[PDB]
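So the sequence lines, in the order shown, correspond to chains H and P. Be aware that the first sequence starts at 157, since it is given in my numbering, and climbs by one per residue. Be aware that the second sequence starts at 9, since it is given in my numbering, and climbs by one per residue. Here a beta-carbon is modelled for each residue, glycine too, at the ideal position from N, C-alpha and C. Here's the structure we're looking at; comments come further down.
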Amino acid sequence: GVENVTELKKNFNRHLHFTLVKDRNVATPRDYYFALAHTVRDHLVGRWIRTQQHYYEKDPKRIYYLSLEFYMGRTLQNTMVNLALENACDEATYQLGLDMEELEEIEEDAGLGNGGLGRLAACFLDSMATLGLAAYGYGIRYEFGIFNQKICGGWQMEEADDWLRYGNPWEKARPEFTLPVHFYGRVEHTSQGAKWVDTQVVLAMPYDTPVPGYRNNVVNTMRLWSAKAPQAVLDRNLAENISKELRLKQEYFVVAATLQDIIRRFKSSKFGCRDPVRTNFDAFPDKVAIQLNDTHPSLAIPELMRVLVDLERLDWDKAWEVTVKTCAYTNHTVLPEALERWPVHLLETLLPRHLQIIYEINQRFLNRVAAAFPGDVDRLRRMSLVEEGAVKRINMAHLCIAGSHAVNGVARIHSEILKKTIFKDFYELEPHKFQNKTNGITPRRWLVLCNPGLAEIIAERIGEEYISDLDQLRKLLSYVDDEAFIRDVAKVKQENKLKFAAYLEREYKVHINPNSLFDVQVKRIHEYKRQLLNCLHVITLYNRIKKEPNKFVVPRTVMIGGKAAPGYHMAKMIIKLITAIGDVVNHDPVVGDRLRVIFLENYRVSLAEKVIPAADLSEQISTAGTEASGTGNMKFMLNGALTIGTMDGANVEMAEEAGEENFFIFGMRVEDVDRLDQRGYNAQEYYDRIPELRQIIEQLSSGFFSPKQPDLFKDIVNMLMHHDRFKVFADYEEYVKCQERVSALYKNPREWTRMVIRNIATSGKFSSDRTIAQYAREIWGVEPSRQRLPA
Amino acid sequence: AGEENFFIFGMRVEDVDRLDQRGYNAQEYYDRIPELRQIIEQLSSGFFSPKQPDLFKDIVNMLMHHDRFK
Ligand SMILES: Nc1ncnc2c1ncn2[C@@H]1O[C@H](COP(=O)(O)O)[C@@H](O)[C@H]1O
Ligand SMILES: *Cc1c(COP(=O)(O)OP(=O)(O)O)cnc(C)c1O
Numbered sequence: 157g158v159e160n161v162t163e164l165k166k167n168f169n170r171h172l173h174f175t176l177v178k179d180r181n182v183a184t185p186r187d188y189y190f191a192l193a194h195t196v197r198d199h200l201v202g203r204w205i206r207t208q209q210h211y212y213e214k215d216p217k218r219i220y221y222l223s224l225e226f227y228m229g230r231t232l233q234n235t236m237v238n239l240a241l242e243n244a245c246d247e248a249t250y251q252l253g254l255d256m257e258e259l260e261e262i263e264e265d266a267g268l269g270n271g272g273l274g275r276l277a278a279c280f281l282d283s284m285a286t287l288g289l290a291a292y293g294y295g296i297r298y299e300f301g302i303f304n305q306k307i308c309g310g311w312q313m314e315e316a317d318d319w320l321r322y323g324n325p326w327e328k329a330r331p332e333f334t335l336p337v338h339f340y341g342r343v344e345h346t347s348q349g350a351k352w353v354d355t356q357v358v359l360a361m362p363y364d365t366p367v368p369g370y371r372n373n374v375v376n377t378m379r380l381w382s383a384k385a386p387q388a389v390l391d392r393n394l395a396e397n398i399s400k401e402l403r404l405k406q407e408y409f410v411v412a413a414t415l416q417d418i419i420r421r422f423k424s425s426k427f428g429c430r431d432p433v434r435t436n437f438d439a440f441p442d443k444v445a446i447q448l449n450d451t452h453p454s455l456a457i458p459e460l461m462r463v464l465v466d467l468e469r470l471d472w473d474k475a476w477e478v479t480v481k482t483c484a485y486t487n488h489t490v491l492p493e494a495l496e497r498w499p500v501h502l503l504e505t506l507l508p509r510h511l512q513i514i515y516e517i518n519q520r521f522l523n524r525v526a527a528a529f530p531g532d533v534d535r536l537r538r539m540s541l542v543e544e545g546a547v548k549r550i551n552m553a554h555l556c557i558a559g560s561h562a563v564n565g566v567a568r569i570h571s572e573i574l575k576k577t578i579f580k581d582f583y584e585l586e587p588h589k590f591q592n593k594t595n596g597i598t599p600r601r602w603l604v605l606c607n608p609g610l611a612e613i614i615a616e617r618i619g620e621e622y623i624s625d626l627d628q629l630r631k632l633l634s635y636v637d638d639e640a641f642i643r644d645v646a647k648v649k650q651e652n653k654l655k656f657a658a659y660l661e662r663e664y665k666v667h668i669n670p671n672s673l674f675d676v677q678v679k680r681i682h683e684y685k686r687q688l689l690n691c692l693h694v695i696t697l698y699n700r701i702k703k704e705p706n707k708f709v710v711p712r713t714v715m716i717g718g719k720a721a722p723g724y725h726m727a728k729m730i731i732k733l734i735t736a737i738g739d740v741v742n743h744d745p746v747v748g749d750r751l752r753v754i755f756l757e758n759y760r761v762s763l764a765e766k767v768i769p770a771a772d773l774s775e776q777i778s779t780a781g782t783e784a785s786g787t788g789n790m791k792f793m794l795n796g797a798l799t800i801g802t803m804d805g806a807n808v809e810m811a812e813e814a815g816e817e818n819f820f821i822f823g824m825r826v827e828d829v830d831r832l833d834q835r836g837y838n839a840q841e842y843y844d845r846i847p848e849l850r851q852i853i854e855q856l857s858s859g860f861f862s863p864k865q866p867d868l869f870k871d872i873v874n875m876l877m878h879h880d881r882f883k884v885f886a887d888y889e890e891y892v893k894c895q896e897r898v899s900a901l902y903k904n905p906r907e908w909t910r911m912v913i914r915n916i917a918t919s920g921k922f923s924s925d926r927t928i929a930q931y932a933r934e935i936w937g938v939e940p941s942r943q944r945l946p947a
Numbered sequence: 009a010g011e012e013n014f015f016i017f018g019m020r021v022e023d024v025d026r027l028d029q030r031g032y033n034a035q036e037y038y039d040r041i042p043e044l045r046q047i048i049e050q051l052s053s054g055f056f057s058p059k060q061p062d063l064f065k066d067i068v069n070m071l072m073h074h075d076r077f078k
């Protein structure tokens, strides 16, 4: 099938009529989107078959990325970009009287992920394919994502999400490869081994989706499972409900079904032949790599062990050896707090075999710490996998370190903290396991796709090789003083700022001024994230504008967006305050389009692609100490946005890449928060010293912003005043000093843009192709390849 | 009964509202009271919980940093 407008149009038509059984007379925009999606999917499948054949010829080590969420976004345009088809799809479609941008906007984002964890695994699947690695992402196929946020009168309505309601043109149901997953049962320890008998069964049906590497012709596989049930009505609902105990059920569902695939593919290694030959599991860790992305697939370890000892009859030690050499664990928390601990009671009902295996692992493991540090019995208590006390829990992270050969963090400092504080005894016992792998974003969805204009001008100077070697972006430092590049970088951001304003009108019915520096904060509406420090500052801009309604102010559109966890009262109230400041501020005749505050509803990957291109300022203001990575941060950097932030997470390594000089860093640092915790944080001090702050909390509790219900924000005022854990008032003064500096820079266009070129040039470290080449060499034992294949 | 026949101690309603307007900062008390310092030390150190040393650290952090009832 050719990438030549004539065959694209020809095949568009063949898919609309023959595939969809639709017609020019009854077809809708949506119907025309599926015929486009199916035209392009042809090209993706041609490359998929030859890649996959090629892995069977070469027999490489295959990497399996298990994850309980992949934040995939929308496949059509990423497919077009990775397959150099977008322009021909744009000609073809306009030669038939269709407009591709209109159609692209019909695709639903896949409901397969909630947030950063999901977008990481999703960006890793782009770079693993682009780096030619034989990788598979395995997960659950959720029929419904984590709601769709709707704002109804400043309050968040969680609207449901059947993203699959009209089919998905990108996936392929594989009914023939349905496997079983067993639950419950009893363990009969026979003569020649243990048997897990009397189990309830649930079927796991595979659905295949191809992932393209950027222009190298390598297309890999994301394979997600659906649960299918084979009082029976109830026995089928909870079965069918995999898509409390249900999460442990969903986690083992993805583990059990994926590993059957892994051992089948291992064994049926011969090109052509679908029978086994690899019966000797000694090569198993040279051929297989399982990447446990956070503790969620951690049962992959007692599961693999169960298969090799019980079913393949390999003895415990040999099987243990295969297991640790096959697994690795990526950690993403900073809080001891958030680790999964499963009570043993649930585990012995649901998985009585696996609890046996978790206890045997823990007996042997604890015998190893005993010889390594004799005497030491509280170290024993500390390192155990069973945690006793009120409720007896298995600590799943200690299972992953016990059974993996590399545990890593997603940022230098974090990974240091895992050695230093969190998993300190495990670092002391096996220091060699610990590693760090700083996150990244893919330069394809996060630059050449969402921002073809910046990529165009970057390419007119250094060609296109940087898209898979982002470290070539450093050549741009020669152009920092080049007046034509300073003018082109600026013009690109202006055209991106106009485009997003017109969207905001036809989707928000307010007019934003496309000259205002667009200040953008899009994160989970959570207290550690401090959207409230941002509210305190825009109310400051507002008040200041009021007092002297004629002084110059650098015009700003403050856009805040994110989801509030249902059930979290304070999160829902922050959104109501943010939309409430919008009513007062955006209508007050003295301000005009000097300030405008806007809540971006339903933030997700396609909205992210539309806002981050247009941003001038990236709000990275979480309290220092609360954050490990920050992939969004890296997206704003690459797209010509300057960051204002605290020294933490991704902001540390980016200040250090860009040169701190080129960063608006402010406020407390982890040393300073600890001192204030060691001395007592008392918000009433800040309130009393600072008159401009006093005004805000007054405005807030009197009813200024909500005159109809003049005590609506009492919760947020008492919390701020009397129980603010993330010390918002302790960074208020320095936040507004820092901001005053940003506006002063923005008053000078060439010097703003030069700071921007300095940021973009040094952004190369944060491409996920670096993160993946580091995983491949350091953890997986395989070697990145930009070798292109055939066509 | 007559106040004399009673052991009334501590703050009064007026005193706690005064304390709330200035801010209750639990730390101030701890820093100036030696025997209190010895007690919080014992609770963090697994003294009253030898086998699980960190057992009582949740109520310690509460007493010390989020004590709503002074
Ligand atoms: N032994 C084999 N020889 C060559 N191609 C194979 C073989 N096994 C599977 N394939 C290819 O890999 C794709 C996925 O199969 P599998 O990896 O078995 O899920 C198939 O559509 C085939 O194109
Ligand atoms: C980039 C991205 C992310 C990840 O960004 P965050 O910095 O806000 O989350 P954390 O990295 O965990 O701090 C999440 N969601 C979307 C839509 C997106 O584009």
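Separation of residue j from residue i, as counted between CA atoms
| i | j | result |
| --- | --- | --- |
| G295 of chain H | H682 of chain H | 27 Å |
| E22 of chain P | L756 of chain H | 46 Å |
| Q840 of chain H | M70 of chain P | 19 Å |
| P940 of chain H | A277 of chain H | 18 Å |
| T713 of chain H | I928 of chain H | 37 Å |
| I777 of chain H | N607 of chain H | 25 Å |
| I716 of chain H | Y843 of chain H | 25 Å |
| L541 of chain H | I730 of chain H | 39 Å |
| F521 of chain H | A558 of chain H | 7 Å |
| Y635 of chain H | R910 of chain H | 9 Å |
| residue 951 of chain H | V767 of chain H | The structure shown does not extend to residue 951 of chain H, since chain H is modelled only from 157 through 947, so no value can be given for it. |
| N758 of chain H | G718 of chain H | 7 Å |
| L763 of chain H | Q865 of chain H | 32 Å |
Nearest-angstrom beta carbon gap, residue j and residue i [assumed within contact, 8 Å]
| i | j | result |
| --- | --- | --- |
| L359 of chain H | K384 of chain H | 4 Å |
| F820 of chain H | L794 of chain H | About 17 Å separates the two Cβ atoms, so there is no contact after all. |
| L455 of chain H | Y408 of chain H | 5 Å |
| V912 of chain H | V547 of chain H | Not confirmed; about 53 Å, so no contact. |
| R944 of chain H | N238 of chain H | The pair is not a contact, with the Cβ atoms about 12 Å apart (cut-off 8 Å). |
| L605 of chain H | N234 of chain H | 6 Å |
Identity of the residue in the options nearest residue i by Cα
| i | options | result |
| --- | --- | --- |
| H570 of chain H | H:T486, H:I642, H:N238 and H:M236 | H:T486 |
| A244 of chain H | H:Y211, H:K703 and H:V161 | H:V161 |
| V343 of chain H | H:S858, H:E504 and H:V912 | H:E504 |
| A721 of chain H | H:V566, H:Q312, H:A494 and H:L660 | H:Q312 |
| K703 of chain H | H:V747, H:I730 and H:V678 | H:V747 |
| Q895 of chain H | H:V694, H:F861 and H:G559 | H:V694 |
| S52 of chain P | P:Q29, P:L63 and P:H73 | P:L63 |
| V678 of chain H | H:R230, H:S924, H:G271 and H:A193 | H:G271 |
| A193 of chain H | H:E260, H:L224, H:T184 and H:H173 | H:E260 |
| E332 of chain H | H:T346, H:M361 and H:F885 | H:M361 |
| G293 of chain H | H:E299, H:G301, H:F300 and H:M284 | H:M284 |
Whether residue i touches residue j by CB criterion (9 Å)
| i | j | result |
| --- | --- | --- |
| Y837 of chain H | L751 of chain H | no |
| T918 of chain H | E813 of chain H | yes |
| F922 of chain H | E809 of chain H | yes |
Contact test: residue i Cβ vs ligand 3 heavy atom, cutoff 8 Å
| i | result |
| --- | --- |
| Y212 of chain H | Although ligand 3 was asked about, the structure shown includes only ligand 1 and ligand 2 as ligands. |
is_contact[residue i, chain C] using C-beta, thresh 9 Å
| i | result |
| --- | --- |
| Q840 of chain H | Protein chains in the displayed structure are H and P, and chain C is not among them. |
Self-check item: Sufficient close CB pairs (3 or more, under 8 Å) joining the segment 734–751 of chain H to the segment 781–792 of chain H
Solution: Result no; under three Cβ-Cβ pairs closer than 8 Å.
Practice problem: Take every Cβ of the segment 207–224 of chain H, pair it with every Cβ of the segment 286–303 of chain H, and state whether three or more of those distances are shorter than 8 Å. | Solution: yes
Exercise. Indicate whether the contact test is met: 3 or more Cβ pairs, each with one atom in the segment 434–444 of chain H and one in the segment 473–491 of chain H, closer than 8 Å.
Key: yes
Quiz item: Contact between the segment 418–436 of chain H and the segment 357–377 of chain H: three or more CB pairs below 8 Å?
Solution: Not touching, per the Cβ criterion.
Quiz item: Touch check for the segment 593–607 of chain H and the segment 510–521 of chain H: three-plus C-beta pairs under 8 Å?
Solution: no
Quiz item: Can at least three beta-carbon pairs, one atom from the segment 235–255 of chain H and one from the segment 556–576 of chain H, be found at a separation below 8 Å?
Solution: no
Quiz item: Taking contact to mean at least 3 C-beta pairs separated by less than 8 Å, is the segment 648–660 of chain H in contact with the segment 800–815 of chain H?
Solution: no
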